Amino acid sequence: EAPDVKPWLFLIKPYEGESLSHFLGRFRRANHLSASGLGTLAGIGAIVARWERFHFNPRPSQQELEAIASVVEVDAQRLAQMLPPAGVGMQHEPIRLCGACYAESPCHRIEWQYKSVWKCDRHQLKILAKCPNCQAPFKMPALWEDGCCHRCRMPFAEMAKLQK
DNA sequence: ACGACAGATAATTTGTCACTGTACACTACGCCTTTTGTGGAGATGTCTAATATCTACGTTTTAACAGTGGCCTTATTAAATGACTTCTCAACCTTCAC
Ligand SMILES: [Mg+2]
Ligand SMILES: [Zn+2]
Ligand SMILES: [Zn+2]
């Protein structure tokens, strides 16, 4: 062993509005974990691959968030802030993006999936629901490694000027 | 007396020559034995490199398959089908109609 070392893992700081799908994707990339791997590591199994698609029948339970809060050092109350608050309706399929936010903070925001959200009040821009250059839909936020459209390679920060 | 002068005289050798005894008569280096150092085969003993044989050293290659790992969405309501469960399985009397 390395003497006086504590068993450790690569951590990531969650951004102020980062979605759980985006967060788990970064944590998985930081540790080169497959989606099945993190679920086995937390012991919740295939559930992680389901959450990364925003498939929330059922929602992330107290048990499973506290389980993920054992391998991720982020506490379960902060993990619950990566999800819609109680009774806020959300949509999983059309993945959406502000772009002007992504130039400031490279994360998907869970509020971009709310059924009540359509503009960024900070930027006063209509949030995108597909790539404005090539019309390809955005991939699940767990897969936003490159920070660009997977088809035409336009960076999300440039898509800010193609909004509203 | 003895012996001592010059010369006699009985030896001594030098030289002749008639006589005779003998070889020439072909007939020894030759017959035979032993040793002996040199020499010619010719049976026999001497003793190796080497071209294998003759397995093993074990070492690669295969394929079979075993184990790890990723993925796989989840809910409601209706229908069909197959099943399960539960419940039930009175009876005598009155009244008004020919
Ligand atoms: Mg839709
Ligand atoms: Zn914005
Ligand atoms: Zn594009």
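Computation of the quantities below employed the complete heavy-atom set of this structure, encompassing side-chain atoms and omitting hydrogens, waters and symmetry-equivalent molecules. Chain naming here is simple, since letters A, B, ... match the order of the sequence lines and numbering starts at 1 in each.
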Candidate pair A/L65 and A/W51, rule side chain to side chain contact (heavy atoms under 4.5 Å, CB included), full reasoning: CA-CA 11 Å; A/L65 291 180; A/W51 291 355; 4.1 Å; yes
Neighbour stacking check for B/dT27 and B/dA28, 5.5 angstrom and 30 degree cut-offs: no
Sugar geometry class by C1'-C2'-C3'-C4' for B/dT35: south
Which side the sugar of B/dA52 sits on, once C1'-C2'-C3'-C4' is checked for sign: north
Test item: A/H150 and A/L143 side chains (from C-beta on) under 4.5 Å apart, heavy atoms: no
Atom-to-atom span, CZ of A/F54 to P of B/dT74 - whole angstrom: 17 Å
Whole-Å gap separating P (B/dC71) and CD1 (A/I44): 14 Å
Gap between atoms CE and P, on A/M140 and B/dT73 respectively (whole Å): 11 Å
Beyond-backbone contact of A/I12 with A/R29, side-chain heavy atoms, under 4.5 angstrom: no
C1'-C2'-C3'-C4' sign verdict for the sugar of B/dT46, north or south: south
Nucleotide B/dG69, atom P - distance to CZ of A/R28 in whole Å: 16 Å
Identified side chain to side chain donor-acceptor pair (under 3.5 Å) counterpart of A/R109 within the set A/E16, A/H22, A/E18: A/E16
Stack test, strand neighbours B/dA18 and B/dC19, 5.5 Å, 30°: yes
Sugar of B/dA50 - north (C1'-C2'-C3'-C4' positive) or south (negative): south
Any A/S21 side-chain heavy atom under 4.5 Å of A/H108 side chain: no
Heavy-atom side-chain proximity of A/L128 to A/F138 below 4.5 angstrom: yes
Dot-bracket line, read 5' to 3' along DNA chain B, where crossing pairs take [ ] and | marks a partner on another strand, Watson-Crick or G-U under 3.5 Å: ..................................................................................................
Interatomic distance, A/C98 atom SG to A/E104 atom CD [nearest 0.5 angstrom]: 8.0 Å
Value in whole Å for how far the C1' atom of B/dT73 lies from CG of A/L20: 15 Å
Sugar-phosphate, base or nothing in reach of A/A35, heavy atoms under 4.0 Å: sugar-phosphate
Nearest listed nucleotide, side chain of A/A46, among B/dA75, B/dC72, B/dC71: B/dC72
Whole-Å distance separating the CZ atom of A/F56 from the P atom of B/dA75: 15 Å
Heavy-atom check, side chain of A/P137 versus side chain of A/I95, under 4.5 Å: no
Value in whole Å for how far the P atom of B/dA75 lies from CE of A/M90: 15 Å
Residue-phosphate contact under 4.0 Å: A/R50 side-chain N/O, B/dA75 OP1/OP2: no
Euclidean distance, atom CD1 of residue A/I47 to atom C1' of B/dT73 [Å, nearest integer]: 10 Å
Sugar pucker assignment (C1'-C2'-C3'-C4' positive north, negative south) for B/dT16: south
A/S36 vs B/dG69: side-chain N/O to OP1/OP2 distance below 4.0 Å: no
A/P58 side-chain proximity, nearest of B/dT74, B/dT73, B/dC71: B/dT74
Closest listed nucleotide, where the reference is the side chain of A/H55 and the choices are B/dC72, B/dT73, B/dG70: B/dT73
